[PDB]
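Participant: Dropping a structure here in structure tokens format, bear with me for questions.
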Amino acid sequence: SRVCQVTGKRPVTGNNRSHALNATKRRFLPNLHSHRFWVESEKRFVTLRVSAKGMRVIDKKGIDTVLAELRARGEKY
Amino acid sequence: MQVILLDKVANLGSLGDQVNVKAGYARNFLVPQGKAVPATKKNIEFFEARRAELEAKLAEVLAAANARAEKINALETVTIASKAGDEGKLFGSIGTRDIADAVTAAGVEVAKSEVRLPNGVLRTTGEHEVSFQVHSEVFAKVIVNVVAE
RNA sequence: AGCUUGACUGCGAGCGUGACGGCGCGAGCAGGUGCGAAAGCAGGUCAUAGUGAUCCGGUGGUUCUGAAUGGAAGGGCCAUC
RNA sequence: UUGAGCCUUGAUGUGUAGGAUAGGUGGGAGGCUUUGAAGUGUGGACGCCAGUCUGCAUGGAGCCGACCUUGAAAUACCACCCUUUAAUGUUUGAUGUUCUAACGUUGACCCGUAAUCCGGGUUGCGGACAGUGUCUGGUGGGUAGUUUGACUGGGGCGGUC
RNA sequence: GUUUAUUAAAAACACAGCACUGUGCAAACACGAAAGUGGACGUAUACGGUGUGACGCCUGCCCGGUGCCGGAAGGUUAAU
RNA sequence: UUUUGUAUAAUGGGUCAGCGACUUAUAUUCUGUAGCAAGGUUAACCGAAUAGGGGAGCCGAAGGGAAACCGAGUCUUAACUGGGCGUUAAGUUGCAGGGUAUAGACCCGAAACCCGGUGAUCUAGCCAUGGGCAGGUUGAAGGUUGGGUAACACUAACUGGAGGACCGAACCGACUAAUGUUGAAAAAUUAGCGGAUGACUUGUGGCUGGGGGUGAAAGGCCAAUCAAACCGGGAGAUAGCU
RNA sequence: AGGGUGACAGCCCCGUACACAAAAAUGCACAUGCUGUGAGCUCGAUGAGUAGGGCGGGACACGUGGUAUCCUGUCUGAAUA
RNA sequence: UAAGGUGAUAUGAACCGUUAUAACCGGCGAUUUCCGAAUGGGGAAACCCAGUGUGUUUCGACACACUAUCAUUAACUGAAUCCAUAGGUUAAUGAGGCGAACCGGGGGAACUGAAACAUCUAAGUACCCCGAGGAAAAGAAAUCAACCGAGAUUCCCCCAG
Ligand SMILES: [Mg+2]
Ligand SMILES: [Mg+2]
Ligand SMILES: [Mg+2]
Ligand SMILES: [Mg+2]
Ligand SMILES: [Mg+2]
Ligand SMILES: [Mg+2]
Ligand SMILES: [Mg+2]
Ligand SMILES: [Mg+2]
Ligand SMILES: [Mg+2]
Ligand SMILES: [Mg+2]
Ligand SMILES: [Mg+2]
Ligand SMILES: [Mg+2]
Ligand SMILES: [Mg+2]
Ligand SMILES: [Mg+2]
Ligand SMILES: [Mg+2]
Ligand SMILES: [Mg+2]
Ligand SMILES: [Mg+2]
Ligand SMILES: [Mg+2]
Ligand SMILES: [Mg+2]
Ligand SMILES: [Mg+2]
Ligand SMILES: [Mg+2]
Ligand SMILES: [Mg+2]
Ligand SMILES: [Mg+2]
Ligand SMILES: [Mg+2]
Ligand SMILES: [Mg+2]
Ligand SMILES: [Mg+2]
Ligand SMILES: [Mg+2]
Ligand SMILES: [Mg+2]
Ligand SMILES: [Mg+2]
Ligand SMILES: [Mg+2]
Ligand SMILES: [Mg+2]
Ligand SMILES: [Mg+2]
Ligand SMILES: [Mg+2]
Ligand SMILES: [Mg+2]
Ligand SMILES: [Mg+2]
Ligand SMILES: [Mg+2]
Ligand SMILES: [Mg+2]
Ligand SMILES: [Mg+2]
Ligand SMILES: [Mg+2]
Ligand SMILES: [Mg+2]
């Protein structure tokens, strides 16, 4: 599903409000992209479904750290 | 993205330099292909520790290489067992090994690669000029005697 | 026609007319003004139409308020849109 | 390639007395030369057609200072500069051309695998485009929720408030 | 041929034929938040949408309005 | 019952028996009544449990002013000869009742709107796999032979067996009339009628689902009432109407 | 207390007040063995794509209001007692 | 615990028992077909059909046991591709389904009220979905206060319509 494997970001719901303040239900989807990360320590690419925010988390922490979070979480990659 | 360059990289900097760069360039090329690393403070301390430890090794090697340059001018004259032919021409020749081994066993531990002769290998009896490279840029001179065995 | 700003500010005994919201008439009192020698007259126009409640917001004023305290924002009050 | 900042470093001056198109302010007695000048033969650019900067070749033992004029000095030379101009170095854009490495592949192939799914891998074709997320202008009876007054010799029309 | 099963079978719908118009294929279009699928194991002599309605003789004028197609200079104009 | 007015030929009731509609909770005010009285009363809770404890609170004995603030006054205005509201009526807590408020708020009753399910055993369209069309006509293309032509054209006989072709049972349909209409039947029966090798008809099973399907298009059909199915729920929707 | 008994029962029956009871399994409690968990001490360390911010929404009694505080779909992004 | 018993309609029959294996009551065991999560595969529930291993004074098929999926772990294996990794088999352990209300969370109406209606209301209600426990959730201040101080969370009464 539309879920970031790094941050957990997922669709959330809310309103479109018109000028006349009519609320209609809507969603806000995360900004997801399947992206291939080079993992040095495993001589391999890992494809993650990540939000752009999630990409910046990986720039900051390093893919090794973030994949370690995936394991501990039981989540497979 | 601040990153610290590993190998030298066009238009950015040399090894160790710190540079800002677009994330996608760092993410999809420079880092995977081993050309740079993030600018984590542990890392920049790593390299500041590196720049300084490297700086110390360069200051002290210069302190060792200068010391040997004071010692080269200290001896300032050397003899070598040299079988000299008639008229003055050496039956053989006096190479860098011959010069090096004189001064090592006469004080200063100069290896032959450090010895620097121009044209000659010295095929004449007499007193000669010899310069040396003990560091990349610090040089000195001994004078060489040729005693006829 | 001359001089002029009473087309004044604060009030108001007592009345009229309204289911109400309201609307009207009012001598007199205080301050200050115009006209008249003076008595006096003037709180718009001979009278009766010419109009839009509240909310929200704008502008000026202000011995009010001011979320720890001093301010400020915002609110009140008075004037007005 | 280019507009707007930067930096080296090079172009450029007709108050008059004159060796004559006097750049102000300073160090200021030797610079400049064979890493090759004076001189003439010509090329270019600027221009007040007075001359100025300047490539090439030729040439081969000089152009030089208080030597006097001029408010201010030697084209012997040197430093921050301005009158303006060019071009190498930089920040941000603008635009374009390529690249490959994100990403796309509903081309071929390999393995998982006696599989027209999927995944990994190879390769070809594209490629920072496409596409998607958030925001934003336009469109939008496709869908949706509603409004669309009262009086009235019935209602509606007309009229009216 | 079809149709209001149960008051209408018809002149209504369809029809072969005609025209306009979209569509270069991962087609347009359609069902689907998506994946997937129909179109089609088709490929412009094909597929969709719209109108007309065998055939014969034919189908004139109007682009101001509304709709659509094309345009880049100017004005106006969103987030930022 | 409803009405200006009903014997009214306006409504409702065949009759009897049983049931069937102004309640309840909490706020609030007034009346009656009781307690205490410038005071009255406690709530949760404690509890020795209808006692007693608990006075946190609430109402009242002070108002005026938007407020600061002043205070039996205050505000208005620079100030009132004054003017507005107040000062000179005892309240409070139970208990019964009258009203109101919030709640279904006196009972019954819509047409409908929303949500989650169940339905293609009827019927629409499609998919796969099977079955069916007595009997009688017409006689396309093609082919052979003959005549014919320079050669084709053409032409006769024969052969051949096309078609949403013709007549007509089964089968599919449903144009007219009578009957029936508390039927034999919630759509038929009788006499006639149209299609009947086709865009035909039919069995078995499958797929499409409700703002959805399907529709040679009638708003037709989707299990005997479809301009939005059925069931359950929001649900006692709402009903200024009867 | 209540019920039953051929009509209404303290004394007919079953009960009730009170007093008692478990071979076995189980609850809960103190005690204790066990495998595991670590106690107190000194010197440290102190939660970053976070707080904050722009855009769109949502939550706070508070409807964008002069609107603090919270959450965050999107773009960003600190200080370090 | 006992002098009466073999549940009911519900008799009868044939029997059991009376001082302690009649019956009756309670604790613990045994047995517990088939369907159903249903779990060897299938399926129109209570049925159809298997593989492997064991057993036959008869070693036939009949009978008995195991064999679903997923997750964690381990052993043995093992590609594209050299190592590796994916994959594959087996074993151990766990989960699955059901069911009142309360409970945390993901989604989330409309009628209705506003005497119409769209902001607003109804209401984070009805409903759908996920998950847990005897309770759940919450919880030891980057909380309040107001210059005095308080000292996590939860619940009740006030503050106050
Ligand atoms: Mg006078
Ligand atoms: Mg203002
Ligand atoms: Mg404050
Ligand atoms: Mg303050
Ligand atoms: Mg784009
Ligand atoms: Mg928008
Ligand atoms: Mg529109
Ligand atoms: Mg509409
Ligand atoms: Mg409505
Ligand atoms: Mg009317
Ligand atoms: Mg009909
Ligand atoms: Mg008919
Ligand atoms: Mg027509
Ligand atoms: Mg025409
Ligand atoms: Mg256009
Ligand atoms: Mg009447
Ligand atoms: Mg009468
Ligand atoms: Mg009657
Ligand atoms: Mg009747
Ligand atoms: Mg009766
Ligand atoms: Mg009273
Ligand atoms: Mg026929
Ligand atoms: Mg008939
Ligand atoms: Mg016929
Ligand atoms: Mg069928
Ligand atoms: Mg309701
Ligand atoms: Mg009702
Ligand atoms: Mg009796
Ligand atoms: Mg901290
Ligand atoms: Mg914060
Ligand atoms: Mg304001
Ligand atoms: Mg089975
Ligand atoms: Mg089988
Ligand atoms: Mg099964
Ligand atoms: Mg290998
Ligand atoms: Mg369970
Ligand atoms: Mg309403
Ligand atoms: Mg449980
Ligand atoms: Mg807990
Ligand atoms: Mg303190």
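Note that Cβ sites are derived from N, Cα and C of the backbone, with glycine treated the same way.
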Participant: Which residue does Swiss-Prot record as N6-succinyllysine, given the choices B:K22, B:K112?
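Facilitator: Among B:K22, B:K112, the residue Swiss-Prot annotates as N6-succinyllysine is B:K112.
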Participant: To the nearest Å, how far is the Cα of B:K71 (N6-succinyllysine) from the Cα of B:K89 (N6-acetyllysine)?
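Facilitator: Spelling it out, the Cα of B:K71 (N6-succinyllysine) and the Cα of B:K89 (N6-acetyllysine) are 30 Å apart.
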Participant: Would you mind pulling the DSSP three-state label for B:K89 (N6-acetyllysine)?
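Facilitator: Reduced to three states, the DSSP call for B:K89 (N6-acetyllysine) is strand.
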Participant: Check the modified residues B:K71, B:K83, B:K89, B:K112 for other C-beta atoms within 10 angstroms of each C-beta and report the one with the most.
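Facilitator: Max Cβ neighbours within 10 Å, all protein chains included: B:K71.
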Participant: Give me the Cα-Cα distance between B:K83 (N6-succinyllysine) and B:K89 (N6-acetyllysine), rounded to a whole Å.
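Facilitator: Cα of B:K83 (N6-succinyllysine) to Cα of B:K89 (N6-acetyllysine) measures 9 Å after rounding.
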